[PDB]
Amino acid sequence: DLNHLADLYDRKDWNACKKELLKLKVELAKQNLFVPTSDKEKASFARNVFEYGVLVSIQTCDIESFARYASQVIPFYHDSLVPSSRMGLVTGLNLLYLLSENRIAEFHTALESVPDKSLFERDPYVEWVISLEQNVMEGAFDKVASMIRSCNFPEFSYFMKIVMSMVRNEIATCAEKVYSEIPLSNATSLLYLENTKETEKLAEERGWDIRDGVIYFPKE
């Protein structure tokens, strides 16, 4: 059963989790359970293995494995099993993945494909990601930044940082064109960075010169 995997996961023993996932996947292969089956007991077990795979993959920033497990788990959801306690988080993670890769059409297709639409308000993870996507698309970057700063879902950290980097590049790209200079403090606010040293790092990355606390944007 999955009690032991749950324990390993709870202790954040990711290396043991991966070894247990291998053991369980070998069992799935022996029983022909990689693809969903009408036998709900066995389908649920397989689904649950792949859910832990999604979670262990994000915890170890293994995005290749994440995307493989995500593709394996979602087909189990598009049938009639009792959702596990992980379903909202996994659904949320998959949506946020698509957002982080700017796969916006695929994101909205994924929402359309969600059997029960009430999920969008009932489940806090899915609700949060839907709101983040709306705020990004509307260019409400204050709200994006506030949502990402105050996010209470640790599992979203990896992808949220990618989203925030995309927003920050877009702001940075506008700024370097419509300013000739800006003080470091103002730029730190503008870019939703935490402090001016963070801004100094971004300035170096982008080729901006800083002199006496003022950023000068490359021109003519």
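Numbering starts at 1 and runs along the sequence shown.
Please compare 161-169 with 51-59 and say which has the higher mean C-alpha temperature factor in the record.
Comparing averages over the C-alpha atoms only gives 161-169.
Average Cα temperature factor in the PDB entry - higher stretch of 82-90, 138-146
Averaged over C-alpha atoms, the B-factors run higher in 138-146.
Per the entry's values, where does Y192 land by CA temperature factor relative to the rest of its chain, in the lowest, middle or highest third?
It falls in the middle third of the chain.
Would you mind checking where the Cα B-factor of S118 ranks among the modelled residues of its chain, as the lowest, middle or highest third?
Its C-alpha B-factor belongs to the highest third of this chain's values.
Record-listed C-alpha B factor of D212: chain third
CA B-factor rank for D212: highest third.
Among the modelled residues of this chain, does the Cα B factor of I74 put it in the lowest, middle or highest third?
Middle third of the chain for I74's C-alpha B-factor.
Third of the chain's Cα B-factor distribution that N186 belongs to, per the entry
According to the entry, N186 has a C-alpha B-factor in the chain's lowest third.
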